[PDB]
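Beneath this line is the structure, given in structure tokens, with notes to follow.
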Amino acid sequence: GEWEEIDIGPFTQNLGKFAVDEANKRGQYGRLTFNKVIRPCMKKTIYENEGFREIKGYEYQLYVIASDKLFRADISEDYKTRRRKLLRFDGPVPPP
């Protein structure tokens with residue numbers, strides 16, 4: 001389950017928007033206007049069982065610009081349901 005760099009196309013932008021949507025609901029970072037996900041976007045595969053390839057889900061690490069501030073968002077994504085959870089939302093963070 002190593003981290004892999006993915007693109008910052010619409011799918012990744014939609015992940016950043018999910019993160020900002022979730023940050024907004026949590027109310028710990030004020031009101032944020034999603035702008036964009038910038039590189040690098042990283043994805044890790046979570047396996048159901050060590051030694052087996054069945055995928056349990058993914059974790060993403062995103063650098064998201066919201067309200068002109070840079071945040072680092074970590075998002076989990078269940079493989080079967082594609083249900084996402086904002087695990088961590090930190091910042092403003094250093095440019096990557």
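Note that each Cβ is placed from the backbone with ideal geometry, even for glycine, and that neighbours are counted across all protein chains shown. The numbers here are math on the coordinates, done by the rules we state, and not lab data.
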request  = From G30, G91, grab the single residue that is on the phi > 0 side of the Ramachandran plot and touching a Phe, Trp or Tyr at 6+ places or on another chain (Cβ under 8 Å).
outcome  = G91
ask   = Could we say that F18 is within 15 Å of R84 (Cβ to Cβ) and in contact with a strand residue (DSSP E or B) (Cβ under 8 Å, 6 or more places away or on another chain) here?
value = yes
ask   = Say we look at region 26-39 and pick out the residues that are in contact with a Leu (Cβ under 9 Å, 6 or more places away or on another chain) and without any contact (Cβ under 8 Å) to a residue 60 or more places away in the chain; which of these is surrounded by the most Cβ atoms within 10 Å (Cβ to Cβ)?
value = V37
request  = Could you please let me know if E59 is loosely packed, with under 13 Cβ neighbours inside 10 Å and free of Cβ contacts under 8 Å to residues at least 40 places away in the same chain?
outcome  = no
